[PDB]
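Okay, upload_11.csv now, which holds CSV, C-alpha atoms and all ligand atoms:
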```csv
chain,number,residue,atom,x,y,z
J,1,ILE,CA,-9.8,-8.7,9.0
J,2,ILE,CA,-10.2,-10.5,12.4
J,3,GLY,CA,-11.3,-14.1,11.7
J,4,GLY,CA,-12.9,-14.8,8.4
J,5,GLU,CA,-11.0,-16.6,5.6
J,6,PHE,CA,-8.2,-16.0,3.2
J,7,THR,CA,-9.3,-15.3,-0.4
J,8,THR,CA,-7.9,-14.1,-3.9
J,9,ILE,CA,-8.8,-11.1,-6.2
J,10,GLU,CA,-10.9,-13.2,-8.6
J,11,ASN,CA,-13.5,-13.5,-5.7
J,12,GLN,CA,-13.3,-9.6,-4.9
J,13,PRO,CA,-12.5,-8.1,-8.4
J,14,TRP,CA,-13.7,-4.6,-7.5
J,15,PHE,CA,-11.1,-4.4,-4.6
J,16,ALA,CA,-8.4,-1.8,-5.0
J,17,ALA,CA,-5.1,-2.0,-3.0
J,18,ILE,CA,-3.8,1.5,-2.2
J,19,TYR,CA,-0.2,2.2,-1.3
J,20,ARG,CA,1.9,5.3,-0.6
J,21,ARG,CA,5.4,6.1,-1.8
J,22,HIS,CA,7.5,7.7,0.9
J,23,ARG,CA,10.5,10.1,0.4
J,24,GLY,CA,13.4,7.8,-0.2
J,25,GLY,CA,11.4,5.3,-2.3
J,26,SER,CA,9.8,3.0,0.3
J,27,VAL,CA,6.2,1.9,-0.5
J,28,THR,CA,3.8,0.9,2.3
J,29,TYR,CA,0.2,-0.2,2.3
J,30,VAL,CA,-2.5,2.4,3.2
J,31,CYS,CA,-6.1,1.3,2.8
J,32,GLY,CA,-8.6,-0.5,0.6
J,33,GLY,CA,-10.9,0.9,-2.1
J,34,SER,CA,-13.6,-0.1,-4.6
J,35,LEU,CA,-13.7,0.3,-8.4
J,36,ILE,CA,-17.0,2.1,-9.2
J,37,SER,CA,-16.2,2.8,-12.9
J,38,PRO,CA,-13.1,2.3,-15.0
J,39,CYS,CA,-11.4,5.7,-14.1
J,40,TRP,CA,-12.8,5.9,-10.5
J,41,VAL,CA,-12.0,4.2,-7.1
J,42,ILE,CA,-14.0,5.1,-3.9
J,43,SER,CA,-12.5,4.9,-0.5
J,44,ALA,CA,-12.4,6.8,2.9
J,45,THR,CA,-11.1,10.4,3.4
J,46,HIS,CA,-9.4,9.4,6.7
J,47,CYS,CA,-6.9,7.3,4.8
J,48,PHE,CA,-5.5,10.3,2.9
J,49,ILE,CA,-6.3,13.5,4.9
J,50,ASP,CA,-2.9,13.6,6.6
J,51,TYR,CA,-1.0,13.1,3.3
J,52,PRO,CA,-3.2,14.8,0.7
J,53,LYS,CA,-0.7,14.8,-2.3
J,54,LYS,CA,-2.2,12.7,-5.1
J,55,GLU,CA,1.4,12.1,-6.6
J,56,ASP,CA,2.2,9.9,-3.5
J,57,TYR,CA,-0.3,7.1,-4.2
J,58,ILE,CA,-0.1,3.9,-6.1
J,59,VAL,CA,-3.3,2.0,-6.8
J,60,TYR,CA,-3.5,-1.6,-7.9
J,61,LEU,CA,-6.5,-3.5,-9.4
J,62,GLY,CA,-6.3,-7.3,-9.8
J,63,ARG,CA,-3.8,-7.8,-7.0
J,64,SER,CA,-4.2,-10.7,-4.5
J,65,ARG,CA,-1.1,-10.4,-2.2
J,66,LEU,CA,0.5,-7.5,-0.5
J,67,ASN,CA,4.0,-8.2,-2.0
J,68,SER,CA,3.4,-10.2,-5.3
J,69,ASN,CA,2.8,-8.7,-8.7
J,70,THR,CA,-0.3,-10.9,-9.4
J,71,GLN,CA,-0.7,-12.1,-13.0
J,72,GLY,CA,-3.3,-9.8,-14.7
J,73,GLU,CA,-2.9,-6.9,-12.2
J,74,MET,CA,-2.8,-3.3,-13.4
J,75,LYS,CA,-0.9,-0.4,-11.7
J,76,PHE,CA,-2.1,3.2,-11.6
J,77,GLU,CA,-1.3,6.7,-10.5
J,78,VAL,CA,-3.9,9.1,-9.1
J,79,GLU,CA,-5.0,11.8,-11.6
J,80,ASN,CA,-7.4,13.5,-9.1
J,81,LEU,CA,-7.7,12.9,-5.3
J,82,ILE,CA,-11.2,14.2,-4.1
J,83,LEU,CA,-11.7,14.4,-0.3
J,84,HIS,CA,-15.2,15.2,1.1
J,85,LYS,CA,-15.1,19.0,2.2
J,86,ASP,CA,-17.0,18.4,5.5
J,87,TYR,CA,-14.9,15.4,6.7
J,88,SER,CA,-14.2,15.4,10.4
J,89,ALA,CA,-13.0,13.0,13.2
J,90,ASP,CA,-14.4,12.8,16.8
J,91,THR,CA,-12.8,10.5,19.5
J,92,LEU,CA,-14.5,7.5,17.8
J,93,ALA,CA,-16.8,8.7,15.0
J,94,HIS,CA,-15.6,9.8,11.6
J,95,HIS,CA,-17.9,12.1,9.6
J,96,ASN,CA,-18.3,12.3,5.8
J,97,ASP,CA,-15.6,9.5,5.6
J,98,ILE,CA,-15.7,9.2,1.8
J,99,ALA,CA,-13.1,9.9,-1.0
J,100,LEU,CA,-12.8,9.5,-4.8
J,101,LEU,CA,-9.5,8.6,-6.6
J,102,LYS,CA,-9.4,9.2,-10.5
J,103,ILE,CA,-6.9,6.6,-11.7
J,104,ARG,CA,-4.6,6.6,-14.7
J,105,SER,CA,-1.8,4.3,-16.0
J,106,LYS,CA,1.5,5.7,-17.2
J,107,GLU,CA,0.0,5.6,-20.8
J,108,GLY,CA,-2.9,7.7,-19.6
J,109,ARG,CA,-5.6,4.9,-19.6
J,110,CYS,CA,-8.2,3.8,-17.0
J,111,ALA,CA,-8.8,0.2,-15.9
J,112,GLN,CA,-9.4,-2.4,-18.5
J,113,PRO,CA,-12.1,-4.8,-17.1
J,114,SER,CA,-11.1,-8.5,-17.0
J,115,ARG,CA,-11.9,-11.7,-15.0
J,116,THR,CA,-9.9,-10.2,-12.1
J,117,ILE,CA,-10.7,-6.4,-12.5
J,118,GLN,CA,-14.5,-5.5,-12.3
J,119,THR,CA,-16.6,-2.6,-11.1
J,120,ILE,CA,-19.1,-2.9,-8.1
J,121,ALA,CA,-22.6,-1.4,-8.4
J,122,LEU,CA,-23.6,1.6,-6.3
J,123,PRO,CA,-26.8,1.4,-4.2
J,124,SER,CA,-30.1,3.3,-5.1
J,125,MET,CA,-31.5,6.2,-3.0
J,126,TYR,CA,-33.4,5.1,0.3
J,127,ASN,CA,-32.9,1.4,-0.3
J,128,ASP,CA,-30.4,-0.3,2.0
J,129,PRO,CA,-30.7,-3.9,3.3
J,130,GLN,CA,-32.9,-4.6,6.4
J,131,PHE,CA,-31.2,-5.1,9.8
J,132,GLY,CA,-30.0,-8.7,10.3
J,133,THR,CA,-28.9,-9.0,6.6
J,134,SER,CA,-25.4,-10.7,6.0
J,135,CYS,CA,-22.8,-8.7,4.1
J,136,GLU,CA,-19.2,-9.2,3.2
J,137,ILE,CA,-16.0,-7.2,3.9
J,138,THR,CA,-12.6,-7.5,2.3
J,139,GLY,CA,-9.1,-6.3,3.1
J,140,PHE,CA,-5.4,-6.6,3.9
J,141,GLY,CA,-6.0,-5.2,7.4
J,142,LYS,CA,-4.8,-6.7,10.8
J,143,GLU,CA,-5.7,-10.3,11.7
J,144,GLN,CA,-5.5,-9.3,15.5
J,145,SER,CA,-5.5,-5.9,17.2
J,146,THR,CA,-2.1,-6.8,18.8
J,147,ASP,CA,-0.5,-7.4,15.3
J,148,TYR,CA,1.7,-4.7,13.7
J,149,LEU,CA,2.2,-6.5,10.3
J,150,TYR,CA,-0.6,-7.0,7.8
J,151,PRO,CA,-1.4,-10.4,6.2
J,152,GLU,CA,0.3,-11.2,3.0
J,153,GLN,CA,-2.9,-12.8,1.6
J,154,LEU,CA,-6.1,-10.9,1.0
J,155,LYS,CA,-8.9,-11.8,3.5
J,156,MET,CA,-12.7,-11.6,3.6
J,157,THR,CA,-15.4,-12.2,6.2
J,158,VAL,CA,-19.2,-12.0,6.7
J,159,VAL,CA,-21.1,-9.8,9.3
J,160,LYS,CA,-24.7,-8.8,10.0
J,161,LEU,CA,-26.2,-5.3,9.7
J,162,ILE,CA,-27.4,-3.8,13.0
J,163,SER,CA,-30.2,-1.2,13.3
J,164,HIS,CA,-29.6,2.4,14.1
J,165,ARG,CA,-31.8,2.0,17.3
J,166,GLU,CA,-29.7,-0.9,18.5
J,167,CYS,CA,-26.4,0.8,17.6
J,168,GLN,CA,-27.4,3.9,19.6
J,169,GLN,CA,-27.9,1.9,22.8
J,170,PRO,CA,-25.8,3.1,25.7
J,171,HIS,CA,-23.5,0.0,25.8
J,172,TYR,CA,-23.1,0.3,22.0
J,173,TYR,CA,-22.2,3.8,20.6
J,174,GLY,CA,-25.1,6.0,22.0
J,175,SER,CA,-25.6,9.2,20.0
J,176,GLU,CA,-22.1,9.0,18.5
J,177,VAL,CA,-23.3,6.9,15.6
J,178,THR,CA,-25.6,8.8,13.1
J,179,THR,CA,-28.1,8.1,10.4
J,180,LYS,CA,-25.4,8.6,7.8
J,181,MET,CA,-23.5,5.6,9.3
J,182,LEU,CA,-24.3,1.8,9.2
J,183,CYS,CA,-23.3,-0.6,11.9
J,184,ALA,CA,-22.4,-4.3,11.2
J,185,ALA,CA,-20.9,-7.0,13.4
J,186,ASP,CA,-20.7,-10.7,14.3
J,187,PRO,CA,-23.5,-11.7,17.0
J,188,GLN,CA,-20.6,-13.7,18.7
J,189,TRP,CA,-18.0,-10.8,18.4
J,190,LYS,CA,-15.4,-13.2,16.8
J,191,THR,CA,-14.9,-11.6,13.3
J,192,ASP,CA,-14.8,-7.9,12.2
J,193,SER,CA,-12.8,-5.4,10.0
J,194,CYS,CA,-9.8,-3.8,11.7
J,195,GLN,CA,-7.0,-1.2,11.2
J,196,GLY,CA,-5.8,-1.5,7.5
J,197,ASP,CA,-9.3,-2.5,6.2
J,198,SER,CA,-10.5,1.2,6.1
J,199,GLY,CA,-11.7,2.5,2.8
J,200,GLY,CA,-12.6,-1.1,1.7
J,201,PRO,CA,-16.0,-2.4,0.7
J,202,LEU,CA,-19.0,-3.6,2.7
J,203,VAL,CA,-20.8,-5.5,-0.1
J,204,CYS,CA,-24.5,-6.6,0.4
J,205,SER,CA,-26.5,-8.8,-2.0
J,206,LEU,CA,-29.8,-6.8,-2.2
J,207,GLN,CA,-32.7,-7.9,-4.4
J,208,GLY,CA,-30.2,-10.2,-6.2
J,209,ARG,CA,-27.6,-7.5,-7.0
J,210,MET,CA,-24.1,-7.3,-5.3
J,211,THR,CA,-24.0,-3.6,-4.1
J,212,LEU,CA,-21.5,-1.3,-2.4
J,213,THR,CA,-23.6,-0.6,0.7
J,214,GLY,CA,-20.8,0.7,2.9
J,215,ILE,CA,-17.2,1.8,3.2
J,216,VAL,CA,-15.1,0.6,6.2
J,217,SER,CA,-14.8,3.7,8.4
J,218,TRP,CA,-14.4,3.3,12.2
J,219,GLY,CA,-15.0,1.2,15.4
J,220,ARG,CA,-14.0,0.9,19.1
J,221,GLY,CA,-11.2,-1.7,18.9
J,222,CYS,CA,-11.7,-4.8,16.6
J,223,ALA,CA,-14.3,-7.6,17.3
J,224,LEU,CA,-15.1,-6.2,20.7
J,225,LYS,CA,-18.3,-7.0,22.6
J,226,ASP,CA,-21.1,-4.4,21.9
J,227,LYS,CA,-18.8,-2.5,19.5
J,228,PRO,CA,-19.8,-3.0,15.9
J,229,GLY,CA,-17.8,-2.0,12.8
J,230,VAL,CA,-19.1,1.4,11.5
J,231,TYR,CA,-19.4,2.0,7.8
J,232,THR,CA,-20.2,5.1,5.7
J,233,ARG,CA,-23.7,4.7,4.3
J,234,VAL,CA,-23.0,4.9,0.6
J,235,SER,CA,-26.7,5.5,-0.4
J,236,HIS,CA,-26.7,8.9,1.5
J,237,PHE,CA,-23.7,10.1,-0.7
J,238,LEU,CA,-25.1,9.3,-4.2
J,239,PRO,CA,-25.6,13.0,-5.0
J,240,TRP,CA,-21.9,13.8,-4.0
J,241,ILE,CA,-20.5,10.8,-5.9
J,242,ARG,CA,-22.4,11.7,-9.1
J,243,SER,CA,-21.4,15.4,-8.9
J,244,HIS,CA,-17.7,14.6,-8.2
J,245,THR,CA,-17.3,12.0,-11.1
J,246,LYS,CA,-18.9,14.2,-13.9
J,301,LIG,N1,-13.9,-2.5,14.6
J,301,LIG,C1,-13.8,-2.1,13.3
J,301,LIG,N2,-14.5,-2.5,12.3
J,301,LIG,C2,-12.8,-1.0,12.9
J,301,LIG,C3,-13.0,-0.3,11.6
J,301,LIG,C4,-12.1,0.7,11.2
J,301,LIG,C5,-11.0,1.0,12.0
J,301,LIG,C6,-10.0,2.0,11.7
J,301,LIG,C7,-8.9,2.2,12.4
J,301,LIG,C8,-7.9,3.3,12.1
J,301,LIG,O1,-6.7,3.2,12.3
J,301,LIG,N3,-8.5,4.6,11.6
J,301,LIG,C9,-7.8,5.7,11.3
J,301,LIG,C10,-8.4,7.0,11.4
J,301,LIG,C11,-7.8,8.2,11.0
J,301,LIG,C12,-6.5,8.2,10.5
J,301,LIG,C13,-5.9,9.5,10.0
J,301,LIG,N4,-5.1,10.0,11.1
J,301,LIG,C14,-5.8,7.0,10.4
J,301,LIG,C15,-6.4,5.7,10.7
J,301,LIG,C16,-8.6,1.5,13.6
J,301,LIG,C17,-9.5,0.5,14.0
J,301,LIG,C18,-10.7,0.2,13.2
J,301,LIG,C19,-11.6,-0.8,13.6
```

Could you spell out this file's structure in structure tokens?
Ligand SMILES: N=C(N)c1ccc2cc(C(=O)Nc3ccc(CN)cc3)ccc2c1
Amino acid sequence: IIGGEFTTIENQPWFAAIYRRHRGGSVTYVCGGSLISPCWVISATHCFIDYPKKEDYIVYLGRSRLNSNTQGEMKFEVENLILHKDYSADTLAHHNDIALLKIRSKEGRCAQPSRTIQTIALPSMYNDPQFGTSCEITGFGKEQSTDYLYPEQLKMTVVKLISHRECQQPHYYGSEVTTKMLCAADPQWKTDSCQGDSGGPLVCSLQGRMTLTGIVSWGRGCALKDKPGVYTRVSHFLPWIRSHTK
């Protein structure tokens, strides 16, 4: 997250921290995710497509720092890694950038909701917020495009949704951004999601309900003028999510 503020997991309890175990035992941070039900985390296929072995992943719920075993956190392995069959990547645009991780503890259990571990509601069909609405993003991603380390403490920020007509302007993304994608950015271009925030949530308060409107997917650079963050429009994928979690 470029700009924004530092936060803790009690303010983002649906946030899942996803790591990968390498041959030799080293563990590194991969992407964010969101808890949609006790056994299921939703994220972005681009985070996993190059290393599609479910046994390699470690998922934490209730974790506030990259390298601290936060009090109340829960550690899981991935029982099922479901990638969207029509996923693809263009130079900038990522298509069908959505994945599901069925989680299980070493005892064979799913998440136990608590003050620091909670689900996030899915949106309803054809009902996304209007352009100009403020939404929040969360993640352990880069603080500056030039950084190589990620921040130790979880971050969040707030951005505004941008219309499809505006996002398709020539100086924005033209025809590369589709109706299955949602743009969001800062009008002053000072805060945005960045590398390492992929798969994490774009949460919008809509009609009084905190909703998982988007999943961090792609963008040209980070916090660049006329280059919004681009998010998978979760409402389009409700049939796919329902069918793959039954
Ligand atoms: N401007 C944004 N909001 C934004 C939003 C998301 C971003 C994602 C990546 C990134 O590194 N993506 C990526 C894509 C595919 C693969 C798999 N090879 C790995 C990483 C890099 C920069 C990003 C910037």

Which distance in Å separates atom CA of residue J:66 and atom CA of residue J:4, to one decimal?
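Here the two named atoms are 17.7 Å from each other.
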
Site check for ligand LIG 301 (chain J): residues at most 8 Å away, only C-alpha atoms and all ligand atoms, as a ChimeraX atom specification:
/J:46-50,89,94,185,192-198,216-224,227-231

Quick one: distance from atom CA of residue J:124 to atom CA of residue J:63 in Å, one decimal?
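Computing the Euclidean distance for atom CA of residue J:124 and atom CA of residue J:63 yields 28.6 Å.
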
Residues near residue J:78, anyone? I mean within 8 Å using all atoms listed in the file, not counting same-chain ones fewer than 6 positions away, as number ranges by chain.
J: 54-55, 57-59, 101-104

Please produce an output containing C-alpha atoms for each residue in the selection, written as an mmCIF file, in the coordinates of the input.
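So the final result, stored in result36.cif, reads:
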```cif
data_model
loop_
_atom_site.group_PDB
_atom_site.id
_atom_site.type_symbol
_atom_site.label_atom_id
_atom_site.label_comp_id
_atom_site.auth_asym_id
_atom_site.auth_seq_id
_atom_site.Cartn_x
_atom_site.Cartn_y
_atom_site.Cartn_z
ATOM 1 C CA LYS J 54 -2.200 12.700 -5.100
ATOM 2 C CA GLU J 55 1.400 12.100 -6.600
ATOM 3 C CA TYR J 57 -0.300 7.100 -4.200
ATOM 4 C CA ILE J 58 -0.100 3.900 -6.100
ATOM 5 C CA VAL J 59 -3.300 2.000 -6.800
ATOM 6 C CA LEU J 101 -9.500 8.600 -6.600
ATOM 7 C CA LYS J 102 -9.400 9.200 -10.500
ATOM 8 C CA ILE J 103 -6.900 6.600 -11.700
ATOM 9 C CA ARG J 104 -4.600 6.600 -14.700
#
```

What does the distance between atom CA of residue J:92 and atom CA of residue J:244 come to in Å, to one decimal place?
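Computing the Euclidean distance for atom CA of residue J:92 and atom CA of residue J:244 yields 27.1 Å.
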
Sort by chain and increasing residue number a table of all residues of stretch 83-198 of chain J within 12 Å of stretch 29-34 of chain J, each with its closest pair of atoms and their distance in Å to one decimal, counting only C-alpha atoms, and write it as a tab-separated table.
```
residue	atom	partner	partner_atom	distance
J:98	CA	J:33	CA	10.4
J:99	CA	J:33	CA	9.3
J:100	CA	J:33	CA	9.2
J:101	CA	J:33	CA	9.0
J:102	CA	J:34	CA	11.8
J:103	CA	J:34	CA	11.8
J:117	CA	J:34	CA	10.5
J:118	CA	J:34	CA	9.4
J:119	CA	J:34	CA	7.6
J:120	CA	J:34	CA	7.1
J:121	CA	J:34	CA	9.9
J:122	CA	J:34	CA	10.3
J:137	CA	J:32	CA	10.5
J:138	CA	J:32	CA	8.2
J:139	CA	J:32	CA	6.3
J:140	CA	J:32	CA	7.6
J:141	CA	J:31	CA	8.0
J:142	CA	J:31	CA	11.4
J:149	CA	J:29	CA	10.4
J:150	CA	J:29	CA	8.8
J:151	CA	J:29	CA	11.0
J:152	CA	J:29	CA	11.0
J:154	CA	J:32	CA	10.7
J:155	CA	J:32	CA	11.7
J:193	CA	J:32	CA	11.4
J:194	CA	J:31	CA	10.9
J:195	CA	J:31	CA	8.8
J:196	CA	J:31	CA	5.5
J:197	CA	J:32	CA	6.0
J:198	CA	J:31	CA	5.5
```

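Using all atoms listed in the file for every distance, the candidate list J:212, J:159, J:177, J:41 yields J:159 as the residue closest to residue J:189.
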
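Nearest residue to residue J:6 among J:178, J:64, J:127, J:133 is J:64, counting all atoms listed in the file.
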
Between J:215, J:156, J:204, J:183, which one has atoms that come closest to residue J:7, using all atoms listed in the file?
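Of J:215, J:156, J:204, J:183, the one nearest residue J:7, counting all atoms listed in the file, is J:156.
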
I'd like to know which of J:77, J:90, J:10, J:128 is closest to residue J:209, using all atoms listed in the file.
J:128

Report as a PyMOL selection string all protein, DNA and RNA residues lying within 10 Å of stretch 109-114 of chain J, evaluated on all atoms listed in the file, omitting residues in the same chain fewer than 2 positions from it.
chain J and resi 10+13-14+35+37-40+60-62+72-77+102-107+116-119

Could you save the residues just selected, with C-alpha atoms, as a compact mmCIF listing (two decimals), keeping the file's coordinate frame?
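Writing the result to out33.txt gives the following:
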```txt
# COMPACT_ATOMS: atom_id res chain seq x y z
CA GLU J 10 -10.90 -13.20 -8.60
CA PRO J 13 -12.50 -8.10 -8.40
CA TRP J 14 -13.70 -4.60 -7.50
CA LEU J 35 -13.70 0.30 -8.40
CA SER J 37 -16.20 2.80 -12.90
CA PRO J 38 -13.10 2.30 -15.00
CA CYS J 39 -11.40 5.70 -14.10
CA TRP J 40 -12.80 5.90 -10.50
CA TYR J 60 -3.50 -1.60 -7.90
CA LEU J 61 -6.50 -3.50 -9.40
CA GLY J 62 -6.30 -7.30 -9.80
CA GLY J 72 -3.30 -9.80 -14.70
CA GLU J 73 -2.90 -6.90 -12.20
CA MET J 74 -2.80 -3.30 -13.40
CA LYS J 75 -0.90 -0.40 -11.70
CA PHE J 76 -2.10 3.20 -11.60
CA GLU J 77 -1.30 6.70 -10.50
CA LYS J 102 -9.40 9.20 -10.50
CA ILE J 103 -6.90 6.60 -11.70
CA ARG J 104 -4.60 6.60 -14.70
CA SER J 105 -1.80 4.30 -16.00
CA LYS J 106 1.50 5.70 -17.20
CA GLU J 107 0.00 5.60 -20.80
CA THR J 116 -9.90 -10.20 -12.10
CA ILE J 117 -10.70 -6.40 -12.50
CA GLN J 118 -14.50 -5.50 -12.30
CA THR J 119 -16.60 -2.60 -11.10
```

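With distances restricted to all atoms listed in the file, J:225 is the closest residue to residue J:186 from J:236, J:23, J:246, J:225.
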
Best match for closeness to residue J:180 among J:214, J:25, J:208, J:199, counting only C-alpha atoms:
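Closest residue, counting only C-alpha atoms: J:214.
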